[PDB]
Amino acid sequence: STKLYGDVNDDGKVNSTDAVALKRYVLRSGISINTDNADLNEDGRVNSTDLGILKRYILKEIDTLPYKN
Ligand SMILES: [Ca+2]
Ligand SMILES: [Ca+2]
């Protein structure tokens with residue numbers, strides 16, 4: 001796979017699983033994911049912002065990536 005903005009599971013594609021997966025990390029549950037891919041805005045850290053962006057991306061809310069926050 002490749003560094004895809006949204007691919008947290010590191011599978012090479014943005015699937016619904018990537019959304020729920022990111023939600024687990026943001027909650028600080030202790031889930032290992034690809035923070036590099038999670039960062040959709042390139043803020044430097046995976047925060048609630050990235051989560052919303054990832055979800056919105058799959059919800060046909062945003063097509064232009066990466067985001068500039
Ligand atoms: Ca994926
Ligand atoms: Ca981020």
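Residues numbered from 1 in each chain as written, not as in the entry; some residues may be left out. Chains lettered and ligands numbered in written order. Heavy atoms only, no water.

Judging from the entry metadata, solution NMR is the method by which this structure was determined.

Here we take up the packing of helix α1 (residues 16-26) against helix α3 (residues 48-58). Angle between the axes and distance between the axes are the two parameters that describe a pair of packed helices. Close contact between α1 and α3 brings their axes to 10 Å; oriented N to C, the two are set at 165°. By the angle between their axes, α1 is roughly antiparallel relative to α3. In this structure, α1 crosses over α3, and the sense of that crossing is left-handed. Contacts between α1 and α3 involve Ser16, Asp18, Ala19, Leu22, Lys23 and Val26 from the first element and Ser48, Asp50, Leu51, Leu54, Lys55 and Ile58 from the second. Here the residues of the contact of α1 with α3 are counted per class, giving six nonpolar, two polar and four charged. (Axes fitted to C-alpha atoms, helices over the stretch in contact; angles between N-to-C directions. Helix = DSSP H or I, 4+ residues; strand = E, 2+ residues; numbered from the N terminus. Parallel < 35°, antiparallel > 145°, perpendicular 65-115°, else oblique. Left-handed = near helix turned anticlockwise from the far one by under 90°. Contact = heavy atoms within 4.5 Å. Nonpolar A, V, L, I, M, F, W, Y, C, P; charged D, E, K, R; others polar.)

Right, let's talk about the UniProt feature "domain: Dockerin" in the protein chain for a bit. The positions UniProt marks with the feature "domain: Dockerin" are residues 1-67. Here residues 1-67 runs as 39% helix and 0% strand, with 21 Å between its end C-alpha atoms. (UniProt positions renumbered as here; feature names shortened; annotations may be inferred.)

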